[PDB]
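>>> part one of the complex, left exactly where it sits:
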Amino acid sequence: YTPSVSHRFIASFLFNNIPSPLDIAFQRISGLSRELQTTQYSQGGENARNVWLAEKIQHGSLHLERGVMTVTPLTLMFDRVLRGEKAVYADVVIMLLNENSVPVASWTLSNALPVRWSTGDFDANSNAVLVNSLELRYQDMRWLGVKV
């Protein structure tokens, strides 16, 4: 029942089934969520119970943060999409690592689409690292591993 910490993790981007070795270190990755959308229905003479009807499944978004660094294949893909060129997809694998760098839990995302790139403010009074914020919207999520 021993729990797992949340400060050791790795993410790998696959462009055309080719992993990017320079895009594995990130300052923060947002949590992944799935929701089953439902609507509540009420009968005629049923005034004491509730009925919930299932519908499609909604996936969340993937947010990452990273400092300013040398140009990498992930950066080039994001720039191309946000420059008005043809949209392209990418596959992401998020892994939670243990003390031996073995992924105890892993999540894979299919057909992730870059949709937002943002950067932090230029503050003359600050003591901080300039941080890029990226967000992607993917089609499907399914996890693999011995823990979850």
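On my side now, so go ahead. Residues are numbered from 1 along each chain as shown, chains lettered A, B, ... in the order given.
>>> Who does the most centrally placed residue in chain A form a beta bridge with?
In chain A, the residue lying closest to the centroid (C-alpha atoms, centre = their mean) is residue A:62, at 2.6 Å. Taking DSSP bridges as the rule, residue A:62 bridges to residue A:136.
>>> Outside of stretch A:126-143 itself, list whatever touches it.
Applying C-beta atoms under 8 Å, 6 or more residues apart in numbering, the external contacts of stretch A:126-143 come out as A:27, A:32, A:34, A:59, A:61-68, A:78, A:90, A:92, A:105-120, A:122. C-beta here means a position set from N, CA and C on the backbone, and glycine is covered the same way.
>>> By residue count, which strand of chain A is the longest?
Longest strand in chain A, counting residues (DSSP state E): strand A:103-119.
>>> Give the pairing partners of it; include direction for each.
Strand A:103-119 has these strand partners (DSSP bridges): strand A:90-97 (antiparallel), strand A:131-137 (antiparallel), strand A:140-145 (antiparallel).
>>> in chain A, which spans are helices?
Here chain A has its helices, by DSSP state H, at A:73-82.
>>> For it, list the residue farthest from the centre, please.
Outermost in chain A, C-alpha atoms, centre = their mean: residue A:45 at 45.1 Å.
>>> Run through the residues that contact that residue.
If you count contacts by C-beta under 8 Å, 6+ apart, residue A:45 has none.
>>> put chain B onto that model:
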Amino acid sequence: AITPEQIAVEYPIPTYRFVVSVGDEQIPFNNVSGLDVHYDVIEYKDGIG
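Chain B, in position alongside the others:
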């Protein structure tokens, strides 16, 4: 050889002899403190350093 008139001109002054006037009346006191002047500092930094 140091003359008393030299001491009154060159030597520093002690603290223990003083007279206090409150309003238009003089009152003998034992201790007086707190006569300090303070200012704030306004700063401005820009991008070019």
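>>> please look at the contacts of stretch A:126-143 again, because chain B has been put in.
Stretch A:126-143 is contacted by residues A:27, A:32, A:34, A:59, A:61-68, A:78, A:90, A:92, A:105-120, A:122 when judged by C-beta atoms under 8 Å, 6 or more residues apart in numbering or on different chains.
>>> Pull out the buried positions in that stretch.
Using 16 or more other C-beta atoms under 10 Å in any protein chain shown as the test for burial, stretch A:126-143 gives A:132, A:134, A:136, A:138, A:141.
>>> ok, the nearest residue to residue B:46 once chain neighbours are set aside - contacts?
With sequence-adjacent residues excluded and distances taken as C-beta to C-beta, 6 or more residues apart in numbering or on different chains, residue B:46 is closest to residue A:124, at 5.4 Å. The neighbours of residue A:124, taking C-beta under 8 Å, 6+ apart as the test, are B:45-47.
>>> Could you rerun that using 10 Å?
Taking C-beta atoms under 10 Å, 6 or more residues apart in numbering or on different chains as the contact definition, residue A:124 lies against B:44-49.
>>> And residue A:69, by the same measure?
Going by C-beta under 10 Å, 6+ apart, residue A:69 touches A:22, A:25, A:75, A:130, A:132.
>>> which among those gets closest to residue B:10?
residue A:130 (61.0 Å; C-beta to C-beta).
>>> quick one: that closest one and chain B, what's the gap?
13 Å (C-beta to the nearest C-beta, to the nearest Å).
>>> ok so, going back, widest-spaced pair of the contacts of residue A:69?
By the measure C-beta to C-beta, A:22 and A:130 form the most distant pair in the contacts of residue A:69, at 18.3 Å.
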